[PDB]
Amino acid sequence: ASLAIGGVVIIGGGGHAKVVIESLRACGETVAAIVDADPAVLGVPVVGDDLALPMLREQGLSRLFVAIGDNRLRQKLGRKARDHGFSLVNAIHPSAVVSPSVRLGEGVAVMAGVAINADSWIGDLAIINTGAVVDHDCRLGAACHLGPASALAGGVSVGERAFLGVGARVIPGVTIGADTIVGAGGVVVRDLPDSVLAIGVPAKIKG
């Protein structure tokens, strides 16, 4: 496991990691290595599992991204990475449009084709996936995930670890609780509590 000086360490080596790697390279960043629970991905070597993090830090790598789709796991691994002395970078594709009044956390993925409008706040470890739209004055909690082609109208709040499937939509002013799942294509027209699953047009809670 000999590595170049100064690139980004990736936690996770799956399909999401592939996209993240390409976003980072599109920005001229170098990806140093992957750590994966199954101890290459688009040419990036897998050097071990998370027990390899101290070794990576020791050799001077200090920048990291958590490329894990599962929200609760991603959040846990981000904490672990920070404990081990890594800084969480953001992976923002060059094609994404992020308004200058947007507040970004750390460890955030913003994929190709995204637009994020004025005065939106994006928590640590959020994923804003390919082609998603976030309108003005939105609030995205830590470790939430807006799936590909999803869209939030203005003033929408998304709780920690919530997940919106491909093409989900939320109308203005709606609040979605922590740990909630909106199925693919769901159209959310009223506030959703924590820890529910909602599907359909309009979205309805499924027990």
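Start at 1 with the first residue shown and count on from there.
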Counting only residues of the deposited sequence, how many between residue 45 and residue 46 have no atoms in the entry (none, 1 to 3, 4 to 9, 10 or more)? none
Which wins on mean Cα temperature factor, 22-30 or 141-149? 22-30
Selected stretch [higher average CA B-factor]: 6-14 or 183-191: 6-14
Taking the values exactly as deposited, rank residue 131 by C-alpha B-factor within its chain and report the matching third: lowest, middle or highest. lowest
Residue 102, C-alpha B-factor rank within chain (lowest, middle or highest third): middle
Lowest, middle or highest third: which one holds residue 40 when the chain's residues are ordered by CA B-factor from the entry? highest
Lowest, middle or highest third - CA B-factor, residue 93: lowest
Classify residue 167 as lowest, middle or highest third according to the C-alpha B-factor given in the PDB entry, relative to its own chain. lowest
